[PDB]
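Chains as they are written, first to last, in PDB author numbering: chain G, 1004 to 1181; chain X, 804 to 981; chain U, 204 to 381; chain T, 4 to 181; chain V, 404 to 581; chain W, 604 to 781; chain Z, 1 to 180. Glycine is no exception: its CB is placed at the ideal position from the N, C-alpha and C atoms.
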């Protein structure tokens, strides 16, 4: 329960300033059958009001605070990796294009069917509007015929401030303490 | 795994008012083989008196406080998701039609044959009258022929107050403390 | 570990008043190939002195407190459920014919051949003498020929006060302390 | 961890009187392919020194206290049960041959490979001289040819007092305390 | 699961007297395909000195304090247990050729491929020179032709004291507190 | 959840002095098909600026504190070990050349395709500069033709101080409190 | 204050005799700013579905699509006298679009080919609502042949015996400006 400690942290800090907490699922998918070198995955989140932030280098909205808490890989992807139909490798997590903050331990290892699956290292806070980008550095690339693209899911706990009283000073006073 | 903590939270807090806690089964099912875009599953709840609330957008009755806690997917669906006979994806949980409250983590990982079955992060409260709506956001859609619709069951803990001395004047005072 | 919590709770609460706490396997068998509509299952409990309390609508003996704690389904039933030889559905659990206390989530998913079997919400208590009736509400009924009856095993913790020095009032007196 | 709390309680309470707490394995074996009705399984306990107290109705010797803590069944035993190669049913656990205390919940269900394995209900304490005996009541018996005997494993905690001093005074003081 | 707590316990306690704490791998292996009765496994421990302590009845060197923590059984062994190509059973653990302190839970059930891989109860201490010896008590012995010997790997925490001021004086003060 | 406990411990003590805590991957590889005896694997870690510290016996940079917390073995390595195409064995972890810190338990048994793989014993810390070197002491060497070199992945928590006020002697102040 | 923009749906409705469906409900004070009503499915969207918008239980709007066409809140037409009236209009033309609205609703979209129907509503000043705002859909099957579009009361439940039927799905988009 590393998501359940972040979820308990946001609903106690952002509640006196007026604040809405929920969780969503971010999908980073490296396109078109990586076989040679470092590629870049296309992040695609579904936030509250039917909106779809697609494309590389997702920019956070100006009233939301994100928390990248966990990551996993679906079981039909883990079947394809160990059969050599799609690539293995690590995934680098950047903030503002400058800080390298984490490196996921070998995405073939974090399949959701194994109870002894290694998780993400720590829950990463992402401030209001600021670049979230990811890179995919493959090792043992895809070899078999009829290869498939990669897909690695992430769990984002999203704090939202769009229903406060005065949201201009509600965000910037809650972002400092939390 | 969160149902047993929110159940004893209901039996302790509702009993000074008269509190009749029980559990019922909710069924969400997108019709007709989702393959491209965001679909709408048909809710279906079964309360006490053979009352089958159907269609989208269920309304909580005026004497009850619901709790949407857990979910699971049967094995004859999970053998189809890995075979590409029905779409994977997540389920968004809305409250009052605009506020998104949760996201179910990747319904193929909620199968009943996964030894690490993933549950929900926290159970969501639903007060008297408040519209519950859900949507299905498909990642890795169905590609095989003779596809099948999706079915993901849920679990609702209902806190009834109709058998106290007053059905209306008491539930609105335990809604403030729970 | 949900059975062992309510067993250990009973043997420290009913111990200063004298209480013979033990476990018992309950059987609920809907008879003769349920195929269209709501049925009624034949209960069967085997207490200490080899007497088998049978028939629909068990009346609980006047010096005992029952705790219905778990539910599971054997493996040869689960082969017959998924092959359409016997009907799926849920089970409703009453008390004095009016008070609905649980709904078992889809008895095919409570099977023991799966490593992530779903559980009940809470261990349901039952006072001295009070009627216990159940019902079977079939969804997706038995389809293939040469059908079979349904059978869902339960597990009941029986606190017993009959061998102390005190009547059927001291049983209900130590019932409401719990 | 239900063996560990019993183990730490026995280590703490029997230490000032002088006491030797260790853990062993007990084998209940219903011989010769049970097919019809209620049988009697051969107990075999392995104490220190390859003693192998075998045969029905083991008497606890006058210096030891035994704690029947947990019960399970092996994985080829589970495979032979679900193929109908050996019989299913319950196991009744008696004290002094008259007092029933526990009934194992359907020994097919307690296979050691499932994480959703149902445990024993409570750790049964056996005092000095006292007679442990068990019975096997079969439901849906063995059907296939080349049937096999049944074997169910128990985990016993033995608290010995023979090496301390005059062991009778230590046994009566410790059995008064723990 | 217990190997991380006694390691941290050994570091904090052997520090005021000065000492290594590290880990090694101990191999117990019953020779030549046990089919009848009580057999003796051949221990083989290798410490940092590249010195192999083989044969039965290993002697702890005069400057070390060992701790036997966990055990596991590899997959080509567990493939052969479930086919009957080698024996199941437990392993008894003695000290000083006299005391018996543990009995490991059913060496098939601690295979590395069981998702509920069971661990040991508590770590076994070993002072300066003492005789660690094991005995393998087979239940369900090997029945198939071309059988294989057993192999159960252990994990030992070794607390060396060789770098203190006087190592023979340091251990007899640290054996009291640890 | 062992790497997330030392990660949270690192960010608590690096917060008053400044510190850039992040997780990387160390890859130890024995070159060219070990077949007889103890070999030496060439480490390869990746710090921030695409800096590949290669060669045997990596030297820790002068203002960083490392933490070796995890190890795993990929699936094409585990299917090559059990096919006898590369050697099994253990891996020794040395600090300054002098101290032995750990021993990994039998690298084939910490593969990732097994749902209950074994773990290490502790996270070994590493101060400003020390010579981290490893050794692969094989058992059951490579027997089949067309053998492959080994590859065993690790996971390092790196605590950089280079973006604090003075990364020369503030790193030696936080080294003592950790 | 805050904007509230939403789309409510019912995705499979029997257009049979005498049903009442409750689409959405909004609590709190606010101002109605923009509304859209849409139906899809069979041609029985056009005649059998009555939309209703209430505020604090008091009815603001209640209409149908054939009421909006036949009472002149649609595209501006002019039919020759040698005809049969509106029966010659719906039998000859497939798609009818009309943009400008004002406070009263207008039949903006008639699509008999693709079978989509729709109306819009933009108040010329923000229409307040105090306690609740509720949206209802009443399925009352009435044939196209008579219907008597001139209204005589608010709660006129008029039906016929040979009205068309089918299945369809009904959506309502709204944009409000609520209080906090």
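Quiz item: With a cut-off of 9 Å, does the C-beta of residue 818 of chain X fall near any C-beta of chain G?
Solution: Reading the second chain from its first residue, position 15 is the one you call residue 818 of chain X. Interface with chain G (9 Å Cβ-Cβ cutoff): residue 818 of chain X is excluded.
Practice problem: Could you tell me which chain T residues have their CB closer than 8 Å to the CB of residue 543 of chain V, listed as they occur along the chain? | Solution: Numbered from its first residue, the fifth chain carries residue 543 of chain V at position 140. In chain order: 77, 79, 154.
Quiz item: What are the partner residues of residue 29 of chain Z, as DSSP defines its beta bridges?
Solution: Taking the seventh chain and counting its residues from 1, one reaches residue 29 of chain Z at position 29. Paired residue(s): none; residue 29 of chain Z is not in a bridge.
Practice problem: Please confirm whether residue 453 of chain V and residue 722 of chain W have their CB atoms less than 9 Å apart. | Solution: Indexing the fifth chain from 1 puts residue 453 of chain V at position 50. Indexing the sixth chain from 1 puts residue 722 of chain W at position 119. The answer is no: Cβ separation not under 9 Å.
Quiz prompt | Chain-ordered residues of the region 1093 to 1108 of chain G with a beta carbon less than 7 Å from chain W | solution = In summary, the residues of the region 1093 to 1108 of chain G whose CB is separated from some CB of chain W by less than 7 Å are 1093, 1103, 1104, 1105, 1106, 1108, in the order they occur in the chain.
Quiz item: In the region 40 to 122 of chain T, which residue ranges form an unbroken beta strand (DSSP E) of at least 3 residues, counting only runs that do not cross its ends?
Solution: Listed in chain order, the complete beta strand (DSSP E) runs (minimum 3 residues) inside the region 40 to 122 of chain T are 45 to 48, 68 to 75, 91 to 98, 102 to 106.
Quiz item: Of all the options X:817, X:862, X:810, which has the alpha carbon lying nearest to the alpha carbon of residue 21 of chain Z?
Solution: Numbered from its first residue, the seventh chain carries residue 21 of chain Z at position 21. When only C-alpha atoms are compared, the closest one is X:862.
Quiz prompt | C-beta neighbour in chain W for residue 549 of chain V, strict 9 Å | solution = As a working mapping, residue 549 of chain V is identified with position 146 in the fifth chain. So, not an interface residue.
Quiz item: Is there a Cβ from chain Z that is less than 9 Å from the Cβ of residue 845 of chain X?
Solution: Mapped onto the second chain, residue 845 of chain X falls at position 42. Chain Z contact via Cβ: present.
Quiz item: Quick one: is residue 521 of chain V near chain T, going by C-beta distance under 9 Å?
Solution: Within the fifth chain, residue 521 of chain V is the residue found at index 118, counting from 1. Judged by the 9 Å Cβ criterion, residue 521 of chain V is in contact with chain T.
Quiz item: Quick one: what does DSSP say residue 816 of chain X is sitting in, helix, strand or coil?
Solution: The count along the second chain starts at 1 and reaches residue 816 of chain X at position 13. Reduced to three states, the DSSP call for residue 816 of chain X is helix.
Quiz item: Checking contacts by CB at 9 Å: is residue 778 of chain W closer than that to chain V?
Solution: By 1-based counting over the sixth chain, the position of residue 778 of chain W is 175. Cβ-Cβ to chain V under 9 Å: no for residue 778 of chain W.
Quiz item: Of all the options V:526, V:542, V:514, which has the alpha carbon lying nearest to the alpha carbon of residue 559 of chain V?
Solution: As a working note, residue 559 of chain V is residue 156 in the fifth chain. Ranked by how close their Cα comes to the Cα of residue 559 of chain V, the residues V:526, V:542, V:514 have V:526 in first place.
Quiz item: So, is the C-beta of residue 874 of chain X closer than 9 Å to a C-beta in chain G?
Solution: Counted from its first residue, the second chain places residue 874 of chain X at position 71. Residue-level contact check: residue 874 of chain X does not touch chain G, since none of the beta carbons of chain G fall below 9 Å from its beta carbon.
Quiz item: Taking residue 168 of chain Z as the reference, which of Z:155, Z:15, Z:85, Z:66 has the closest Cα?
Solution: Numbered from its first residue, the seventh chain carries residue 168 of chain Z at position 168. Ranking Z:155, Z:15, Z:85, Z:66 by Cα distance to residue 168 of chain Z puts Z:15 first.
Quiz item: Cα-Cα, which of X:966, X:969, X:957, X:963 is closest to residue 846 of chain X?
Solution: Within the second chain, residue 846 of chain X is the residue found at index 43, counting from 1. Residue nearest to residue 846 of chain X within the set X:966, X:969, X:957, X:963 is X:957 (criterion: CA-CA distance).
Exercise. For my contact list, residue 1140 of chain G and residue 1068 of chain G are in at a C-beta cut-off of 8 Å; report their separation, rounded to the angstrom.
Key: Translated into positions along the first chain, residue 1140 of chain G becomes position 137. Translated into positions along the first chain, residue 1068 of chain G becomes position 65. The beta-carbon separation of residue 1140 of chain G and residue 1068 of chain G, rounded to 28 Å, does not stay under the 8 Å limit for a contact.
Exercise. Excluding the 5 residues preceding and the 5 following residue 255 of chain U in the sequence, name in chain order all residues of the same chain whose CB lies nearer than 6 Å to its CB.
Key: For the purposes of this step, residue 255 of chain U is taken as residue 52 along the third chain, with counting starting at 1. Excluding sequence neighbours, residue 255 of chain U sits near 249.
Quiz prompt | Cβ separation of residue 161 of chain T and residue 27 of chain T, assumed to be a contact under 8 Å, to the nearest whole Å | solution = Residue 161 of chain T sits at position 158 when you count from the first residue of the fourth chain. Residue 27 of chain T sits at position 24 when you count from the first residue of the fourth chain. About 6 Å separates the beta carbon of residue 161 of chain T from that of residue 27 of chain T, a gap short enough to meet the 8 Å contact definition.
Exercise. For residue 362 of chain U, write down the residues that DSSP places opposite it in a beta bridge.
Key: Here residue 362 of chain U refers to the residue found at position 159 of the third chain. Beta-bridge pairing links residue 362 of chain U to U:268.
Exercise. Using three-state DSSP, classify residue 951 of chain X as helix, strand or coil.
Key: Here residue 951 of chain X is taken as the residue at index 148 of the second chain, counted from 1. In the structure shown, residue 951 of chain X falls within a coil segment according to DSSP collapsed to helix, strand and coil.
Quiz item: Quick one: what's residue 137 of chain T bridged to in DSSP?
Solution: Your numbering for residue 137 of chain T matches position 134 in the fourth chain. T:96, per the DSSP bridge assignment.
Exercise. Could you tell me the boundaries of the alpha helix (DSSP H) in which residue 139 of chain Z lies?
Key: Within the seventh chain, numbered from 1, the residue matching residue 139 of chain Z stands at position 139. Taken as a continuous stretch (DSSP letters only), residue 139 of chain Z belongs to no alpha helix (DSSP H), being part of the beta strand (DSSP E) at 132 to 139.
Quiz item: Since residue 1037 of chain G contacts residue 1145 of chain G with CB under 8 Å, what's their CB separation in whole angstroms?
Solution: Along the first chain, one-based indexing puts residue 1037 of chain G at 34. Along the first chain, one-based indexing puts residue 1145 of chain G at 142. Confirmed, Cβ separation roughly 6 Å.
Quiz prompt | Nearest-angstrom Cβ-Cβ length linking residue 32 of chain Z and residue 176 of chain Z, presumed shorter than 8 Å | solution = The residue given as residue 32 of chain Z occupies position 32 in the seventh chain. The residue given as residue 176 of chain Z occupies position 176 in the seventh chain. Their Cβ separation, rounded to whole angstroms, is 6 Å, which keeps residue 32 of chain Z and residue 176 of chain Z in contact under 8 Å.
Practice problem: Check residue 576 of chain V in the structure and name its three-state DSSP category. | Solution: The residue given as residue 576 of chain V occupies position 173 in the fifth chain. Here residue 576 of chain V sits in helix by DSSP.
Quiz item: With DSSP run on the structure shown, which of helix, strand or coil describes residue 178 of chain Z?
Solution: For the purposes of this step, residue 178 of chain Z is taken as the residue at position 178 of the seventh chain. Strand.
Quiz prompt | residue 65 of chain Z - containing alpha helix (DSSP H), residue span | solution = Sequence index remark: in the seventh chain, residue 65 of chain Z carries index 65 (1-based). Segment 65 to 70, the alpha helix (DSSP H) holding residue 65 of chain Z.
Practice problem: Given a cut-off of 9 Å, decide if residue 487 of chain V and residue 510 of chain V are closer than it, judged by their beta-carbon atoms. | Solution: As a first step, residue 510 of chain V must be located in the fifth chain, where it is residue number 107. As a first step, residue 487 of chain V must be located in the fifth chain, where it is residue number 84. Taking 9 Å as the Cβ cut-off, residue 510 of chain V and residue 487 of chain V do not qualify as a contacting pair.
Self-check item: Backbone CA spacing between residue 129 of chain Z and residue 1168 of chain G [nearest angstrom]
Solution: Position 129 of the seventh chain holds residue 129 of chain Z. Position 165 of the first chain holds residue 1168 of chain G. So the two alpha carbons sit approximately 21 Å from each other.
Practice problem: Between the Cα of residue 107 of chain Z and those of Z:91, Z:71, Z:136, spot the shortest distance and give me the residue it belongs to. | Solution: Taking the seventh chain and counting its residues from 1, one reaches residue 107 of chain Z at position 107. Closest in C-alpha terms to residue 107 of chain Z, from the list Z:91, Z:71, Z:136, comes Z:71.
Quiz item: Nearest CA to the CA of residue 809 of chain X: which residue from X:822, X:937, X:872?
Solution: Here residue 809 of chain X corresponds to residue number 6 of the second chain, with the count starting at 1. When the alpha-carbon of residue 809 of chain X is set against those of X:822, X:937, X:872, the nearest one is in X:872.
Practice problem: Ignore the nearest five residues each way along the sequence and tell me which others in residue 864 of chain X's own chain have a CB closer than 6 Å to its CB. | Solution: For the purposes of this step, residue 864 of chain X is identified with residue 61 of the second chain, where counting begins at 1. Short of 6 Å from the beta carbon of residue 864 of chain X, and not among the five residues preceding or following it, lies no beta carbon of its own chain.
Quiz item: What number of angstroms, rounded off, separates the C-alpha of residue 1188 of chain G from the C-alpha of residue 1079 of chain G?
Solution: This structure leaves residue 1188 of chain G out entirely; chain G is present only between 1004 and 1181.
Quiz item: Quick one: what's got a C-beta closer than 8 Å to residue 1130 of chain G's C-beta in the same chain, skipping five residues either side?
Solution: Walking along the first chain from the start, residue 1130 of chain G turns up at place 127. Excluding positions up to five away in sequence, the list reads 1063, 1068, 1178.
Quiz item: How about the region 125 to 142 of chain Z and the region 22 to 29 of chain Z: do they share at least three Cβ pairs that are nearer than 8 Å?
Solution: The region 125 to 142 of chain Z makes contact with the region 22 to 29 of chain Z; the number of CB pairs closer than 8 Å reaches 3 or more.
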